[PDB]
K.L.:
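Before I ask anything, here is the structure I am working with.
Counting convention: from 1, in listed order, for ligands and their atoms alike. Below, all heavy atoms of this structure are taken into account, side chains as well, without hydrogens, waters or symmetry copies. If you read the sequence from its start, that first residue is 1, and numbering goes on from there.
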Amino acid sequence: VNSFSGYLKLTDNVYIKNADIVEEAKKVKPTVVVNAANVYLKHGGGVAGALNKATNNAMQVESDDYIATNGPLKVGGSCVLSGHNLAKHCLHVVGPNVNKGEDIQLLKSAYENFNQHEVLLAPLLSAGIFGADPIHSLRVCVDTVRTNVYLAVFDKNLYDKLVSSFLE
Ligand SMILES: CC(C)[C@H](Nc1ncnc2[nH]c(-c3cnn(C)c3C#N)cc12)c1ccc2c(c1)NC(=O)CO2
C-alpha cells in the first residue's frame, strides 16, 4: 500500500525519518524494501540481521539458495528477491564497506539500483559499521536517486545531524 507517514521532505523525491526500517516495513507494507547487504547475502548484523529476524529467517534461507546457484553479487550491485512478510520485494543492495577498504566511489552505483523502482523504503547505504560518512551517503542518495525514496535512520542523534547538515 506504500502508506508512508511522519517523514521530513528533503527534496521533491527524498524523504527521511528517525525509525527502525523493520517497524516502517510492518506499518507501510511497501512494494520494495531495500536491504543493506554484503556480496554473499549473509544477513547477520545491522539492517540485514534486523530484516532477516523479522522474516523468522525466511530471507536467509531464500538468499542461501540464490547464492548456491548464482554466486555472490558485486559491490555496487543488487538483487531482487521476495520481501516475505515485510514487503512485496526485497532489493538487496551492496554498498562499499570502507572499513574493509572497499572503494567509496561505488556508493553512487549502489544507489543507482534504486532508479529501477518507483518507490522504495530504504536504509542509509554504507553507513554504520560499513564506515562511510553518513552525510556523504545522504548526498550521494539525493544526487543519484530520481525515484521516491523514504529513508529510515534508526538513530536519533544521527538523524538530527543529517537533517541539520542538509539544511545548511
Ligand atoms: C546507520 C544506521 C542507523 C543503520 N541502521 C539501521 N537503519 C535503519 N533501520 C535499522 N534497524 C536496525 C535494527 C533493528 N533491530 N536491530 C537489532 C537493529 C540493528 N542493528 C538497524 C537499523 C545502518 C547500520 C548498518 C549498516 C547500514 C546502515 N548500511 C549498510 O550499508 C550496512 O551497515
Side-chain angles (χ1 to χ4, degrees), residues 4-8 10 14-30 32-60 63 72-81 83-87 90-115 117 119-145 149-166:
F4 295 95
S5 68
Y7 285 77
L8 187 135
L10 290 176
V14 178
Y15 299 84
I16 192 167
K17 190 177 178 179
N18 167 208
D20 173 6
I21 194 174
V22 174
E23 290 299 315
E24 285 297 299
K26 293 178 184 183
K27 189 192 316 267
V28 169
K29 313 181 148 177
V32 181
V33 65
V34 174
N35 180 28
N38 51 55
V39 299
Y40 286 86
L41 302 182
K42 308 304 195 191
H43 312 306
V47 165
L51 292 169
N52 179 56
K53 177 171 167 206
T55 74
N56 289 75
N57 211 50
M59 176 180 286
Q60 191 65 69
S63 296
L73 291 177
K74 288 165 64 153
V75 177
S78 71
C79 188
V80 168
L81 293 172
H84 301 283
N85 54 299
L86 294 179
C90 178
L91 175 70
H92 299 267
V93 177
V94 182
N97 182 335
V98 312
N99 286 332
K100 293 215 200 177
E102 296 175 351
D103 193 352
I104 191 54
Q105 283 199 280
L106 288 174
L107 187 54
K108 180 170 75 172
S109 186
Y111 277 114
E112 293 247 25
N113 295 290
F114 291 26
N115 282 330
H117 299 280
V119 52
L120 307 93
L121 169 58
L124 196 64
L125 296 179
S126 291
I129 204 170
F130 271 36
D133 185 327
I135 294 171
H136 175 63
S137 181
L138 179 59
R139 291 187 187 133
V140 175
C141 183
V142 166
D143 288 350
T144 304
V145 183
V149 52
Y150 291 84
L151 292 168
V153 172
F154 192 33
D155 187 296
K156 193 190 181 284
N157 283 337
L158 177 57
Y159 167 90
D160 290 338
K161 175 185 194 175
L162 291 165
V163 166
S164 175
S165 171
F166 201 78

K.L.:
Please list the nearest protein heavy atom to atom 5 (N) of ligand 1 with its residue and the distance rounded to 0.1 Å.
P.N.:
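For atom 5 (N) of ligand 1, the nearest protein heavy atom comes out as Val47 CG2, 3.9 Å.
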K.L.:
Can you spot which of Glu23, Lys29, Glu24 makes a side chain to side chain contact (heavy atoms under 4.5 Å, CB included) with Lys26?
P.N.:
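Running side chain to side chain contact (heavy atoms under 4.5 Å, CB included) over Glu23, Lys29, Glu24 with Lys26 returns exactly one hit, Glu23.
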K.L.:
Taking the side chain as every heavy atom from C-beta outward, state whether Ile135 and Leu138 have any atom pair closer than 4.5 Å.
P.N.:
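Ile135 does not reach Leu138 side chain to side chain.
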K.L.:
Would you say that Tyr111 contacts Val149 through its side chain, given a criterion of any heavy-atom pair below 4.5 Å between the two side chains?
P.N.:
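Not touching, per the 4.5 Å side-chain cut-off.
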K.L.:
Around atom 9 (N) of ligand 1, find the nearest protein heavy atom and jot down its residue, atom name and distance.
P.N.:
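Its nearest protein heavy-atom neighbour is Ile21 N, 3.0 Å.
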K.L.:
Identify the two heavy atoms, one from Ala48 and one from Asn35, that lie closest to each other, and give their separation to 0.1 Å.
P.N.:
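Heavy-atom minimum between the residues: CA-OD1, 3.1 Å.
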K.L.:
What atoms of ligand 1 come within less than 4.0 Å of a heavy atom belonging to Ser126?
P.N.:
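Ligand 1 atoms under the 4.0 Å threshold to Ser126: 29 (N), 30 (C), 31 (O).
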K.L.:
Using protein heavy atoms only, decide if any is under 4.0 Å from atom 32 (C) of ligand 1.
P.N.:
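Within 4.0 Å: yes, protein heavy atom nearby.
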K.L.:
Do any nitrogen or oxygen atoms of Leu125 lie less than 3.5 angstrom from nitrogen or oxygen atoms of ligand 1?
P.N.:
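No, no N or O pair falls under 3.5 Å.
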K.L.:
Looking at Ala36, which atoms of ligand 1 are within less than 4.0 Å of one of its heavy atoms?
P.N.:
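Numbered from 1, ligand 1 contributes 29 (N), 30 (C), 31 (O), 32 (C).
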K.L.:
Pairing donors with acceptors under 3.5 angstrom, does anything connect the side chains of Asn57 and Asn52?
P.N.:
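The answer is yes; a qualifying pair exists.
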K.L.:
Return the minimal non-hydrogen interatomic distance between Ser63 and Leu81, and the atom names on each side.
P.N.:
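In this case the closest contact between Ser63 and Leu81 is OG-CD1, 4.1 Å.
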K.L.:
How far is atom 1 (C) of ligand 1 from its nearest protein heavy atom, and which residue and atom name does that atom have?
P.N.:
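That would be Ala127 CB, 3.6 Å.
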K.L.:
Applying a 4.0 Å heavy-atom criterion (strictly less than), which segment of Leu124 is in contact with ligand 1: side chain, backbone, both, or neither?
P.N.:
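Near ligand 1, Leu124 shows its backbone, while the atoms from C-beta on stay back.
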K.L.:
For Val22, is the nearest heavy atom under 4.0 Å from an atom of ligand 1?
P.N.:
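Flag not set, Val22 not near ligand 1.
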K.L.:
Excluding sequence neighbours, so at least two apart, what forms ring-ring contact (aromatic ring centres under 6.0 Å, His included) with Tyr150?
P.N.:
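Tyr150 satisfies ring-ring contact (aromatic ring centres under 6.0 Å, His included) with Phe4, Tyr7, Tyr15 only.
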K.L.:
Quick check: does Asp20 get an N/O under 3.5 Å from an N/O on ligand 1?
P.N.:
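Yes.
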K.L.:
What is the nearest protein non-hydrogen atom to atom 17 (C) of ligand 1, stated with its residue, atom name and distance?
P.N.:
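Of every protein heavy atom, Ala50 CB, 4.7 Å lies nearest to atom 17 (C) of ligand 1.
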K.L.:
Suppose we measure from atom 21 (C) of ligand 1 to each protein heavy atom; which comes out shortest, and what is that distance?
P.N.:
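Looking at atom 21 (C) of ligand 1, the protein heavy atom closest to it is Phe154 CD2, 4.0 Å.
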K.L.:
So if I count the atoms of ligand 1 from 1 in the order they appear, which ones are less than 4.0 Å from some heavy atom of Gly46?
P.N.:
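Heavy-atom distances to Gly46 below 4.0 Å select 19 (C), 20 (N).
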K.L.:
Please check if the side chain of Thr144 supplies one atom and the backbone of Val140 the other of a donor-acceptor pair under 3.5 Å.
P.N.:
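Yes; at least one donor-acceptor contact below 3.5 Å.
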K.L.:
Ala152 heavy atoms, cut-off 4.0 Å: which ligand 1 atoms fall inside?
P.N.:
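Within the 4.0 Å cut-off of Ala152, ligand 1 contributes 7 (N), 8 (C).
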K.L.:
Using distance only, find each side-chain donor-acceptor pair of residues 93-100 under 3.5 Å and give its atom names and separation, not counting sequence neighbours.
P.N.:
residue	atom	partner	partner atom	Å
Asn97	OD1	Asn99	N	3.0
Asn97	OD1	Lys100	N	3.1
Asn99	ND2	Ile129	O	3.0

K.L.:
Hey, does the side chain of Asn85 reach the backbone of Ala54 with a donor-acceptor pair shorter than 3.5 angstrom?
P.N.:
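Here the side-chain-to-backbone pair exists.
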K.L.:
Decide whether an N or O pair under 3.5 Å exists between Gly128 and ligand 1.
P.N.:
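No: no nitrogen or oxygen of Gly128 is under 3.5 Å from one in ligand 1.
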